[PDB]
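Visitor: quick one, structure for this:
(one chain, ligands or ions: 1)
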Amino acid sequence: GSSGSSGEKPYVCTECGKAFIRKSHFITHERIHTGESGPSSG
Ligand SMILES: [Zn+2]
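Guide: Numbers count the residues shown, from 1 in each chain. Next up is the structure itself:
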């Protein structure tokens with residue numbers, strides 16, 4: 001209802017908490033996080 005809803009921030013990591021105005025440092029940040037990730041999976 002009235003919980004602010006203002007000040008929309010860029011890509012904010014939902015694991016540690018970090019905003020990334022750019023669309024590069026964020027995508028790359030997911031690597032160090034995602035312990036497992038390959039072609040066979042996903
Ligand atoms: Zn993070």
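Visitor: residues near residue 38, how many?
Guide: If you count neighbours by other C-beta atoms under 10 Å, residue 38 ends up with 6. In short, each C-beta sits where N, CA and C put it, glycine included.
Visitor: what's the helix or strand for it?
Guide: Element membership of residue 38 [criterion: DSSP states H and E] is none; it lies in no helix or strand.
Visitor: one more: residue 26?
Guide: helix 25-33.
Visitor: so how far is that helix from its chain's centroid?
Guide: Computed by C-alpha atoms, centre = their mean, to the nearest Å, the separation of helix 25-33 from the middle of its chain amounts to 8 Å.
Visitor: do the same with stretch 8-16
Guide: Stretch 8-16 has its C-alpha centroid displaced from the chain centroid by 5 Å (C-alpha atoms, centre = their mean).
Visitor: which non-adjacent residue is nearest the most centrally placed residue in the chain?
Guide: When C-alpha atoms, centre = their mean is applied to the chain, the residue found nearest the centroid is residue 13 (3.2 Å). Once flanking residues are discounted, residue 13 sits nearest to residue 29: 6.0 Å by C-beta to C-beta, 6 or more residues apart in numbering.
Visitor: just give me the neighbour total for that neighbour.
Guide: With other C-beta under 10 Å as criterion, residue 29 counts 16.
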